[PDB]
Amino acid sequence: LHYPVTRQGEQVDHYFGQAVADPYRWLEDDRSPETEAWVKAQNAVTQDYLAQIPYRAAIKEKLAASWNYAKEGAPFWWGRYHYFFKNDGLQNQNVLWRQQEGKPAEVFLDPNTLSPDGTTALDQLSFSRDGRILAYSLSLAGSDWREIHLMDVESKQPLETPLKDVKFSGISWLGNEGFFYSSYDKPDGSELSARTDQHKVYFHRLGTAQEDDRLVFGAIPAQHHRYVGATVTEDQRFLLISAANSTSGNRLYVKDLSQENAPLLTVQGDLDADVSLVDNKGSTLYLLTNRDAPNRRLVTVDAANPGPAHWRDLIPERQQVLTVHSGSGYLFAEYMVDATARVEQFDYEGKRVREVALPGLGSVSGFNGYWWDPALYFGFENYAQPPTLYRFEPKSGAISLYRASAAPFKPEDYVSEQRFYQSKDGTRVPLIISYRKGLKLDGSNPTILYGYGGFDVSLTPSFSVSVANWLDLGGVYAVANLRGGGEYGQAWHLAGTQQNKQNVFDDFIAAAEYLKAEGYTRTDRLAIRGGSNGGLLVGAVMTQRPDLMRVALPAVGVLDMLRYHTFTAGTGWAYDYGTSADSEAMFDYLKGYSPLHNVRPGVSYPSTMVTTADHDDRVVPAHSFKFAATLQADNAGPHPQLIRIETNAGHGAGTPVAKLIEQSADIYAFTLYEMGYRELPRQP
């Protein structure tokens, strides 16, 4: 195996006076011909390696055939039409259809006709109140940047010129006059890696040029924030503006639109808690918050004097984490019970109406709608159960099947069991293990252990065609609900942040030890996988315990923990990670686990396939480039250290089906091949 030559530069950084060498610093320049040439060379080596795997084509065909079935989402009613997304089976992007009573359904907006390779994706959709205009945002090549387009709803004709430089933005209409959106000024330098830290809310009035858009929030010094959002309430009475510097905690302001020149009132003026508006009933605001509530609570307050001192509990905090949805005049409290959903229906006075029975143990979607929706829809799924849609009539509580899955997977063929293993410090951590029935605990099953562990993100059961295929190939898929996550509230999250981050890695190592001890797998039949913060997870575990697994799959990972805060909106992760600029203690702790700085020459690393994408502006690909370069230079063992750079794709959202299939095929082929399989374990 011949890796491309990666030169080592002379760059040396200093942290509180301590020197740290960065030989691959030049790979951070995403626009240099040198970096572009290195990417092509690496991809060529990776493709040549994968080309030697005899069953890679079979895996890809197996995946494509099983993915090829009709899919349809819940209907959305607006104006004279009902809108719904559909995919005939293998369309790169889902298609937006619509239908009005008395007439046949028709294609309304087909993203597949917007690019030659299915890489342009539809993100936000927001109709004007009269239903005559639609504003929608599009992502190009998968980056976080967006363009907002406008179209006449009835004729489908494009209107005006698209708005540019939109990012991390919703689209909220003020009647039919125009809409609010968020944007960062175009950075000087590469828009894919340059730092952006001053998010602004603008208002676009129909019939004008974007340059004339009114600046609403975020320009004056006192309002500078890395993340800002503005939403007009359903009744058009209030404008809510949220503002934050990190992914946890936010300020919230409310402006009475009924009053002329109404001042911005402070709902929450500090960043010590997360607070969001669920809905409003007149001047009464319903807020979901973790302020003085680790597992969250729902409170109410009058918009005229909305401060925290006046918040009153409506749904008090419980032992389980709360999320609140609203629709049809009811509040739906979704609780997490060991990472699985339970739903309770409440009226706006906080009185419990009933518990909503769910089809089983898994995740739910939906239960969200307007006060005027006669019925609500919700979806249910888990690792062995493809998404199923149900219609729910809130008043009677009647539940009916709206759409059964057309997937070629039979839930009854699989086992999905939950266990709680002990981490190093004694903490019991949840683990959901899925596989085809008939499995023997003889320690030989090829297994993929997946985790994330951070940012209050909870890994609840979800159906994946790719995962189901791994199970059909005879594999075991195990998902750990590591600390750092939000499964058990804020305490669970904080136990995996800053100088406690090692707890997350310890939790993951313990999951791997449990799977081996119980006989599901063994060292040479184990692979670990994770993306973004989960990519860091894999990078840290493989550098700390390179003997623990056979295969490491870090996807779009944060791997240079000393410089991650210097790119795009990376500083927004400082609440979870801390930064090398915080103090000598934080710098030492970060350097102590930073994957890039813990690869050592002479060590034999497991087979690794680092994956990233050229338009990933969430986590710049340079993290992956420098890490892969270091592994190729330092690895002393016989196992391959490869990097696969997806072209015309980003962090992940909106990736076309065609690319998703190729990626999964490459990952599974590589994993089985590195585990020594000469043929597939089961008939494809």
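From 1 onward, residues are counted along the sequence shown.
The PDB entry records a higher mean C-alpha B factor for 16-24 than for its counterpart among 657-665 and 16-24. The mean Cα B-factor in the deposited entry runs higher for 203-211 than for the other of 138-146 and 203-211. In this structure the maximum Cα B-factor among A222, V479, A495, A552 is found at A222. Highest CA B-factor among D588, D456, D524, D313, as stated in the entry: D313. When the modelled residues of the chain are ordered by C-alpha B-factor, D616 sits in the lowest third. For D560, the recorded CA temperature factor ranks within the lowest third of the chain's modelled residues.
Residue-level temperature factors show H639 in the middle third of its chain, judged at the C-alpha atom.
Residue-level temperature factors show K255 in the highest third of its chain, judged at the C-alpha atom. When the modelled residues of the chain are ordered by their C-alpha B factor, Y227 lands in the lowest third.
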